[PDB]
Amino acid sequence: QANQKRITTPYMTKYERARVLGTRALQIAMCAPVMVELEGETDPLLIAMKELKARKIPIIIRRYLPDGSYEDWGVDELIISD
Amino acid sequence: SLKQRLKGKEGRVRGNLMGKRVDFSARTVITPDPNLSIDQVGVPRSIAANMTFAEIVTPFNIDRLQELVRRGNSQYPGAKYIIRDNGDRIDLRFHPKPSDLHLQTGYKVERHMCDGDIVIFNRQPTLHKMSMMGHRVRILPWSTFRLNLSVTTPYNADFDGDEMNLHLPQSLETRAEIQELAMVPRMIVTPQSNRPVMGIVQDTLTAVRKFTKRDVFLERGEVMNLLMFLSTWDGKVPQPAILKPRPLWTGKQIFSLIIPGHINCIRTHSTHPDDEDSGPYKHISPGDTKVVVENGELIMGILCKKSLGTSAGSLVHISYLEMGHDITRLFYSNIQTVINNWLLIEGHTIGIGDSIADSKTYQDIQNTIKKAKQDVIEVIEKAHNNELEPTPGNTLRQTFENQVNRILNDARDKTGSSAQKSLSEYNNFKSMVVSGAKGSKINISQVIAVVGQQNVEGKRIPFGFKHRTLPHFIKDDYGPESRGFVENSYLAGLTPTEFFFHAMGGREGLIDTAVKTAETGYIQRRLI
Amino acid sequence: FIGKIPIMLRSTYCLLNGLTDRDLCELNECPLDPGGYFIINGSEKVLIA
Amino acid sequence: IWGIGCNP
Amino acid sequence: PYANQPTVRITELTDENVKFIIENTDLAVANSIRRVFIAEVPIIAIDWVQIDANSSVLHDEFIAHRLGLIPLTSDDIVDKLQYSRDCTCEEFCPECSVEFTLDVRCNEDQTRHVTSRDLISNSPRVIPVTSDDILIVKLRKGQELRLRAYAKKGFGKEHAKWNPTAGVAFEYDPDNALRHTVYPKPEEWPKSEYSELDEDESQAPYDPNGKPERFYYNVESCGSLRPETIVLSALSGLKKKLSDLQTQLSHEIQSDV
Amino acid sequence: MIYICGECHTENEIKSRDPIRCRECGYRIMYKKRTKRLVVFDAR
Amino acid sequence: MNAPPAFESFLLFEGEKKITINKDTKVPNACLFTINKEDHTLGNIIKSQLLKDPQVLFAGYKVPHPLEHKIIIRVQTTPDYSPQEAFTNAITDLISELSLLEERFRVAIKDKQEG
Amino acid sequence: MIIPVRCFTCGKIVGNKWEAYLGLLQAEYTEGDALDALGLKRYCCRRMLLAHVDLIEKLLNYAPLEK
Amino acid sequence: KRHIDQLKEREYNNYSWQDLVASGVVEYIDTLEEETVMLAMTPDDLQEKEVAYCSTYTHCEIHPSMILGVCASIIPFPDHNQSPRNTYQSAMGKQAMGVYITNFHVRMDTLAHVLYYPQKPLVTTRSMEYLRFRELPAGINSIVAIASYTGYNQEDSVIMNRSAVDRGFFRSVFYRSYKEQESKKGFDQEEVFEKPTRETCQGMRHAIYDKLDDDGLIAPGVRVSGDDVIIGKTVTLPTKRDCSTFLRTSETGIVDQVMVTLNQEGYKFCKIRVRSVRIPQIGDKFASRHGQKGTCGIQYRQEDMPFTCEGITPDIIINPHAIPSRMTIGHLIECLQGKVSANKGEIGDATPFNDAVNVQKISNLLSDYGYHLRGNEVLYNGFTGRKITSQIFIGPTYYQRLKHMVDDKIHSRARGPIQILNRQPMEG
Amino acid sequence: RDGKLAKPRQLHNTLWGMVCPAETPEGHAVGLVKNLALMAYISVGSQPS
RNA sequence: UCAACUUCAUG
Ligand SMILES: CO[C@@H]1[C@H](O)[C@H](n2cnc3c(=O)nc(N)[nH]c32)O[C@H]1COP(=O)(O)OP(=O)(O)OP(=O)(O)O
Ligand SMILES: [Mg+2]
Ligand SMILES: [Zn+2]
Ligand SMILES: [Zn+2]
Ligand SMILES: [Zn+2]
């Protein structure tokens, strides 16, 4: 939905964090460009965690409300659970 | 028939679709390992060599993966297969394949399981979600899965022939999901009862109780040796509690370095006098009971299952709720390591001398038993003379049985209390019961004083023979010995009739367990 | 001849019956073996009461 | 094996 | 800041036993000397067996096990012999090993007790401590055992077959004065053989400034090495381990510089 | 190969596709007899 | 089948260093010596001799895992002293003590015999 | 099956002492006195001879496979 | 006394149990008659005149301990253990490794475990004599310390001495026998034992067929590693199909016996027995005679194990935490009685209801031999040499090696064989 | 074994001296499989004539 | 290198 009228929680849920980190890791392992400057990190999951901490993962989560509507929350917009 | 193929357990719907046999799974016996962390699990080399994880060849890992490919399936840290972009699986086990050893970005090297891999660990039955938890792999010699002892309680696992299943995630996405949703440090506190699932257990619990007593004083070398096993140590030796005449630290002073951050907790030891809180010495507590942790420092107290165990408000629970799950993982591991080395120093044992009581104690137990048997005889005589009158809601038979049971239970309790008074500070039965590591005061009492009444189906031993319990007893004997009361202790040794009656009670318990499993399983399936 | 009845070992109709331990050793049979089982298709089967 | 109120 | 000077007094010396006392030494040094007695004194024992014919009741690897556990005289040449890994020659040679042979057949009716005496060594200095005998197997008539074995130098850390000693008795503070062991009821406890206390006094008075010293050892030989030379070899081997450690440490310090 | 007899303990040589019956005793249980190649056992 | 070979307990595999020295950043003038293929025999001896030294502020040893074969010795010394020097001096002192023990044990042997 | 070489706990050779033990038992010596005469002192070594069951004699009754 | 004296002279007196029955001294009573009979457990305690409970005893038990069966009769001091623990010990004693029969060499039985050095118990029940437990024992007496040493005995596991294990302690042999029958089903289709040929036989495997002899059967004395070809059988194909038998994976044994016979049908039948010597590992399962078992947590060498003043290091260290909840006091009494018996030279009597063997009497006997009354001993820590502050309970206890071993249970799967119907990974 | 009734499995008083109280399998067959006591004998049968 | 069935063991 629009930036206004977003009713879902601003905090990123544990499941969203898990799936975002896994997806970003798989992309990084598939030669995807890395947003953050890795400090000698060669593990895709560690690089994904580092990007999540810096809020530079280029993914927007589409949360489906039970009525069928959807809200698009950017990973940057969401507050990191940890 | 087609219906039978699809119908029940072992049918397609339930036996092949809802659950199914899976690849990348390993089962073996579990043995303890105090040295491993909570999340670490110990994997034999053969299990790790069979199971594989596919890693996409990237520019940053191409050299390492090509080395692994060169090693091959034979050398352990190697690769079993190379999956090309087309999907063709070059096989590294069968023949050198020198032209096909080359790796380019996009290829998938099926490397062997290595240290640091995340694996799900499971024990059957998976009653709750803590029965499947994510563990970080450490490869150790020999053929058993090795897990930390704080993790035994969630799995309901003891190392007496138990086996555990291991499932290896095969994708980075599912590996991250497992790591975040199911890692062992993240599972410490259960949502079922808002209590920690794991706590200090077995040897470490008893040794913590002993370590945190006021008496424990540690010299310089022992202090250094124990600080060697504290991973979170800042490298600074605390100033000893007793500087002169000789520098001596205290067990509490060293345990204060284990407690992370600044954690505030107040608990009470199991042997806390109820009078102390009301009366004077509230904050002095002559027995060193109570437990006060201020600013992450154990100011006073002796730790037991109430402080370091699986209960709400414990030091473990407060650490999880305040410092986080990673620091709590370190907390568990450090407790186990340094307290297990101090236990190497102090030592622990169980012997016959623990079961033996004073001669006066044995005399008092015998006198209590004699008085109880005499009171039961008096009750039986009242009933025979028809003096007894039924209790409201009960028949004369039921009220007589209740009176006799009350007399016998009160005598049993009094003998147990005498036995427990007999116990010394050095007694090791008492040590394990006080720490909460194992045993109960009931067990101590049965060991030392009186095994107690043997009851089947909620009643004393029934008249299985015609109007008598065993052929050795006369007909219509309702006295304590006839109907099952065992006055001898386990140490003393049960007499033959007491032995048979004790066997009857044990058989009832075993039948209860065996029958229970299936009904509870059906209920759980229905609820889920 | 109407049939063949399996013979319980060390029973009265077994060949091992009434043989001293030396004779049992000559036949490669243990003196301590209790008997009480049948050899059917080469496997020892015990009737359970 | 203890009493009527305990365990068998 | 320097090592203490230890003193030794030997109380008993018999072909099977050495009872001695070491004074003015640390507990760690004493315990590690005992540890080296058990595990790090080199000895000679059979580690390669090739059984040409075994018709005995015991299977081949049972026979090999029993042969390995048989002690062999290793008094002098164990220091001369090299480890098989060190020796340049492939497999085994006179410098790295000693060859034994067993060829026994029970032709007679009476049971033949194959003993360690039947093992015949190619070098006279190593013999199976025969100079009864260890029983390898009993052979019924018509049963034969033929085998060749090679005995190599090794120490008890590899395998217990290479333990040079039977029981190392180590005691310190015979009367509990450092309170390293706290007796719940001191009187019930038997006095030590080295105890100097009167019969009335169960424990010596607590010595706050005391340190474990005056360690008492009883080293029993398995017969392969003389009990004196077990102790001498242990001291020398511990010194050699420390010297190798020092050499590697010096090399790594130089590398860091 | 050469098969040792179960009962009379006399080696008899039986060709392939030949009935397993020892000459001079008739016993029908033979044993294959130990191999010529030798296996090394570590005494451990 | 997963049983490690016995020689692994004391034999260095190719490319393994007997001693590796890593400084400890948490504290000034501290070091951590990792000895491979060694056990409590050497560790306890060295820790005790280091404790005897007055300029050694901390000395400890640990076996990180019983199944594996390694010894970690943390040594912290006072300023104007080096932990590496303390380790070398400990080793030399232990060597001297053992040599004196050998000489006196030989003399005791020769006197118990022959009189 | 046969007397073990070396006591399990300590390693003193007990394999050479079984025939002497049996002979001393035939003489008149009680089990404890025979064990003392053989020189077995620690209860670990005395367990080896005292609890040993010699099955090799029963196994030798069966005829050898090859004669 | 006349009957007992004649039975005591049983042989060369031609007096037996049947003469005892014929005299009218003993009588067989079934349950229905047991309902109508007044019994005395013991003659002296019950028949003799006292405060008169019953003066109409019609029968007397020969001995109470006979109420137990074969497996529970081996339990020493069973009246001092909790009842479920005796059931557990019955179950586990059915699983202990020993010499199962003396003719084990002749028999070719699949899955036969035989122990190297079985020992008779130092603490034994009298009824064991009639179970032939002395003749064919299962288990070894072992110096056992009940102590918490390094945490590897925690829960129910057991620390073991590696040196003792290296000297023969609980070493076993596992024999696996494989049967294969050549048979002719079709008139032109037959199975023949032969060494398969790569070209002649269509079906083959990577597995080495060289070890097969000319007849197609491995000769005894040949080491066979997992997946090698024990028996080579080829079927004529109406060129040939390979039905050769292979070793069970990870068997890793040496061939013991190869027998070639003719079955009832007249076809050639071959049985091949493989020896695998199994040394105790740190997964194998060991249990006492009192219903408490455990896997080997770790193995420490004699230098590492705690030692007494005399130099004795425990063969087995069990966690103290096992004892309290299970209340198997018979274990502690058996350690004390074993210590007394081993020092005395006798064999201890652990009959269930002796009434002449108190724990106090055993303690007083142990005091005479120079040890602590209750069996505790001052142990010295193996690693540091310092005396352990808590004196530790040590004694000779009989331990059994159960058939459950880790090598048989370890398993792993990675894209292996798959079923036809479900196309899902297989089972087993 | 499927029946969960805890009546047929329990150690009856009449089992004294004739079936071992301790020795029973554990699982679905607790108390349903039993073992003879050491001195127990089972009648072989006789003619009532 | 099949599948059904049974029984026996392990938690
Ligand atoms: C503690 O609970 C466990 C589990 O619940 C699991 N388990 C075991 N058998 C079954 C079964 O048939 N069916 C299902 N569903 N689960 C089962 O085993 C239970 C205990 O059994 P036990 O009581 O014998 O454990 P000891 O107390 O005996 O342990 P020692 O001292 O021997 O090591
Ligand atoms: Mg268990
Ligand atoms: Zn050479
Ligand atoms: Zn013949
Ligand atoms: Zn011994």
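Only heavy atoms go into these numbers, but all of them, side chains included; no hydrogens, no water, no symmetry mates. Naming convention: chains lettered A, B, ... in sequence-line order (proteins, then strands); numbering from 1 in each chain.
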Next on the checklist: Could you tell me how far apart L421(I) (CG) and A3(K) (P) are, to the nearest whole angstrom?
Outcome noted: 10 Å
Checklist entry - Charged N to carboxylate O under 4.0 angstrom, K233(I) versus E180(I)? => result yes
Checklist entry - Got a sec, which residues hit ring-ring contact (aromatic ring centres under 6.0 Å, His included) with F94(B), two or more places apart in sequence or on another chain? => result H206(I)
Checklist entry - With sugar-phosphate meaning primed atoms plus P, OP1 and OP2, does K45(C) contact a base, only sugar-phosphate, or nothing at under 4.0 Å between heavy atoms? => result nothing
Under 3.5 Å, which N/O atoms of the protein pair with N/O atoms of nucleotides 5-9 of chain K?
| from | atom 1 | to | atom 2 | distance (Å) |
| --- | --- | --- | --- | --- |
| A9(K) | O3' | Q95(I) | NE2 | 2.8 |

Next on the checklist: For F145(B) and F121(B), I'd like to know if the aromatic rings sit close, meaning centre-to-centre distance below 6.0 Å.
Outcome noted: yes
Item to check | Separation of atom CG in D162(B) from atom P in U10(K), rounded to whole Å | outcome: 12 Å
Checklist outcome for this item: In short, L212(I) meets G216(I) closest at the heavy-atom pair CD2-O, 3.4 Å
Checklist outcome for this item: Atom CE of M164(B) and atom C1' of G11(K) are separated, to the nearest Å, by 12 Å
Next on the checklist: Output the rounded distance in Å from CG (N422(I)) to P (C2(K)).
Outcome noted: 15 Å
Item to check | Value in whole Å for how far the P atom of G11(K) lies from NE2 of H28(J) | outcome: 16 Å
Next on the checklist: For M426(I) and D158(B), find the nucleotide of RNA chain K closest to each by heavy atoms; which residue's nucleotide sits nearer the 5' end?
Outcome noted: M426(I)
Item to check | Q419(I) CD - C2(K) P separation (whole Å) | outcome: 12 Å
Checklist outcome for this item: Residue pair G161(B)/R248(I) against RNA chain K: nearer the 5' end by closest nucleotide is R248(I)
Checklist entry - OH of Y88(I) versus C1' of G11(K): gap in Å, rounded? => result 11 Å
Checklist entry - More than 12 heavy atoms of other residues, nucleotides or ligands under 6.0 Å from CZ of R5(B): is that the case? => result no
Next on the checklist: Taking NZ in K4(J) as the centre, count heavy atoms belonging to other residues, nucleotides or ligands within less than 6.0 Å. Is the count above 12?
Outcome noted: yes
